[PDB]
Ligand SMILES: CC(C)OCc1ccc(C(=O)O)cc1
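In the block that follows, a single chain appears as structure tokens, in the form solved without the ligand.
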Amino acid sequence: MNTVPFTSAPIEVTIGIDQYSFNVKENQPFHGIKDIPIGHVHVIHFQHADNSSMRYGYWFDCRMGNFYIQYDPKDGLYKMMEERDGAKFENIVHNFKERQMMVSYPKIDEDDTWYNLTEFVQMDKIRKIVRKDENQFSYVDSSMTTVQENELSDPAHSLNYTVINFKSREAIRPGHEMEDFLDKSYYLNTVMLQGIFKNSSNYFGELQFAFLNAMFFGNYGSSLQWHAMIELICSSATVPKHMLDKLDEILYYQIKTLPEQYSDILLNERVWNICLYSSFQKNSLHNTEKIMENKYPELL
């Protein structure tokens, strides 16, 4: 179990760690988060009490280094940093633990939610969307735009998701215009799963990463990305049985975890109704459909 210590908490902030969150008051004696499960990526995220504008955060994997949080009063945010000095860092953590100034990552032992939301999420892969290679961790916020959004302005701060566009020459083989547009199997399988993604694990990874950025940061381009990726699979007549089955699981836990109150903005009515009721795979997402119908029958 690993630890992200905080130098201090100078400004009142709501701190999130994966799907958990807690309030820290201005200059409360708070020195970070302990017992973080190894083996998963994690995201620590922030919403300032004074400006709920800009939720922001850091994707990290504790196996990839010792990371700490330190408020920067010039840039005005909690910054993730890497401590290269291993003994400096163990020593810092042990003192804070002894003085019990750290909250415990509060995982119930029955609980596979985080695993189920991040099964295909890998930091090394994540670092090729959020390009900032001098850091082992990755910063995202609510306002970062995607590579495709900038096509339709600063490329350094972009989310380089895979660009999916259903009315593109990439998506549409000359002479199969109608076939490929009504049945996206060639785009999903040959171009996407096979030429860029290579396997379904990688495709599922970005789909998962898009959702989480949508939910935690309300990053609108991630929501479009998450949605695009679902629609391409729902609109393909030929999808490996194991992908459909895995997709149903993935979406199920995503729908389960979404805040009830944020559903109106984070869920695209057209995409879901099409995926669950009109698409080729209208019959293949039994778990996802049951939870969608029982928790958000309004959207449908």
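All residue numbers are counted from 1 along the displayed sequence. Only residues modelled in both forms are compared. Rigid core here is just the name for the largest C-alpha set that superposes within 1.5 Å across the two forms.
The next section is about a form of this same protein that is not shown, the form deposited with the ligand bound.
Q: Take the ligand as it is posed in the deposited complex, superpose the C-alphas around its site onto the chain shown here, and state whether the site is open or blocked, counting it as blocked when 3 or more ligand atoms lie within 2.4 Å of a backbone or C-beta atom.
A: Open: no clashes with backbone or C-beta.
Q: Answer yes if any heavy atom of residue 42 is within 4.5 Å of a heavy atom of the ligand in the deposited complex; otherwise answer no.
A: Answer no; every heavy atom of residue 42 is more than 4.5 Å from the ligand in the deposited complex.
Q: Since only the chain is shown here, I'm wondering whether residue 92 would be in contact with the ligand in the deposited complex (any heavy atom pair within 4.5 Å).
A: Because a heavy atom of residue 92 falls inside 4.5 Å of the ligand in the deposited complex, the answer is yes.
Q: Using heavy atoms and a 4.5 Å limit, would one call residue 183 a contact residue for the ligand in the deposited complex?
A: No - in the deposited complex, heavy atoms of residue 183 and the ligand never come within 4.5 Å of each other.
Q: Determine whether any heavy atom of residue 112 comes within 4.5 Å of a heavy atom of the ligand in the deposited complex, and answer yes or no.
A: Residue 112 lies outside the contact set for the ligand.
Q: Hey, which residues along 176 to 198 are within 4.5 angstroms of the ligand in the deposited complex, non-hydrogen atoms only?
A: Counting only heavy atoms within 4.5 Å of the ligand in the deposited complex, no residue of 176 to 198 makes contact.
Q: Report the moving segments between the shown form and the other one: consecutive residues, 3 or more per run, each with a CA shift of 2 Å or more after superposition on the core, given in sequence order.
A: When the rigid core is held fixed, residues 96 to 99 make up the only run that shifts.
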